Every structure is written in structure tokens, then in C-alpha cells.
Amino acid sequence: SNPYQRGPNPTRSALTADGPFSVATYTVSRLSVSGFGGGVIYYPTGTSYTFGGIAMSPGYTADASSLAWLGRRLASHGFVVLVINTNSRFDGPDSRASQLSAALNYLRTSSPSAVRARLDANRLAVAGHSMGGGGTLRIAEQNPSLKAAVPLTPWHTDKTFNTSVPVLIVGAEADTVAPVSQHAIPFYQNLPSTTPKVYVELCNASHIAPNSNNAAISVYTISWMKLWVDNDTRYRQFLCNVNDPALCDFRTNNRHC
């Protein structure tokens, strides 16, 4: 049962470190692509399986290197992950959405044969930090064929996204760049009632929590991607009946349980 199932039965511990798949990397040069600034693809190797794909945007003034740990973490659990660079480090959230859109098309159509061999392009998702997280919300509204969206400490001036794509938002309690009261929480609350949604708030965390190895971000991001991109109900346990001392808030409409 479940053709998209990959990897062993998960434990919490295992989701806080790199997973069972060997990871290859491919550098997408800036000038090689139109529509975004290149980036790095992290993808499984030493395996004959295909996997869902994820495009991920860094935040305002940041490089793809700021999410390298997470691109590799996700790939090692069984995903093809393209972390983009943006045309300009100064690009806003809606520009980042357009670039995510270009990056997804690139992954499907134009990426190296070794990457395409590992990709099931029928199953794609998005994630992003800060302004990249605002871009993640925007693209989830523009393209409801996506399987999931994970905005990390998101920032956007638009607060309402009418998307049917399942969304998990990570807020940071002590974020002064994108305060959760103005950004993450409004975004959560304003998503449709009928859309599966989760909000987790990291205790004592700042806006840069996403930029280094973070156990909570790892567990929640892997679990949401597995649940929605792979239909992998083994990951429900991490997202349901949650009692996590790393969290200082948790909200859900419990559609995923």
C-alpha cells in the first residue's frame, strides 16, 4: 500500500538528522537559467526510486547557502530539492513566488538527466524563509496543483492567501523581522477553513532560526512534506496530538489527523 512510500518507519530522533538516502548535489549556474538566479539541487543517489520535488526560496538579502542544511536534510529523507538563488538578493516575496514557479518548471523540464531520473514531477511542493516564505504562500495560491507549502518565519504585506494547498507555517517567538503577530499568525488564520493547516511557534527563536540545523524545523518540515507529497501517513504521528516543549504555540484545524 502507498506507491510513494520511501524509507524506514520514522522516529522523532531520525527526523532531526540526515536521513537514509545518499545525497548528490548539482550547482545550477545563474546564467544557465531564465526566470531565477540558479541555485543548488540536492537529490537522492545510489537508488532506483523516484521522489517528489521541492523548490525552496531563501529570504531577503540571503543566498541559497542559508538553507543548504535544510535542502540536504530534506533530500536525504527522499526528495529532489532545488534551493534557488534569486535574480536579486533584494527581490520581494511576489518576485520570489515567480522565481519558485520558474524553478519548478526547470526541475521538471531542464534539469540534468540524473536529477530528472530521480524526480516524480507529478508531486511538487514549495518552502521558503522570510520573504521566500511569503513567496511560498503566494505561489501556493497561484498554483493549487502543489502538494504542500512550508513558509518558515514568513514575511508578506498581503495577509490572505486563498489556497487549497496544505500549509504548515513555522513562526519564531522572538522574531523582530517578521513578528508572528503581524505575519505568521495572520497568514495561518486567513488561510481557508477547509485547507489543512498547522502553525508551530518556536520558543525563544529569532528570524534566523531557519538558517542553521534546527530539530523542530527538521521534524515539522520533513513530516509535512512526507504526509502530503508522499501521502505517507506514518508521519501523522509527528503532527497530531502534539506536545512539544520546543513549541510556544501550536494551532491546527486537524484536517490532517
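Sequential numbering from 1, following the sequence displayed.
Asks: Which is higher on mean Cα B factor in this entry, 137 to 145 or 174 to 182?
Replies: Taking the mean B-factor of the alpha carbons in each, 174 to 182 is higher.
Asks: As stated in the PDB record, which stretch has the larger average Cα B-factor, 43 to 51 or 201 to 209?
Replies: Of 201 to 209 and 43 to 51, the stretch with the higher C-alpha B-factor average is 201 to 209.
Asks: Highest CA temperature factor in the entry: which of 221, 61, 57, 231?
Replies: Highest CA B-factor of the listed options: 61.
Asks: Sorting the chain's modelled residues by C-alpha B-factor, tell me whether residue 225 ends up in the lowest, middle or highest third.
Replies: Bottom third by C-alpha B-factor.
Asks: Should residue 120 be placed in the lowest, middle or highest third of its chain by the C-alpha B factor in the entry?
Replies: Its C-alpha B-factor belongs to the lowest third of this chain's values.
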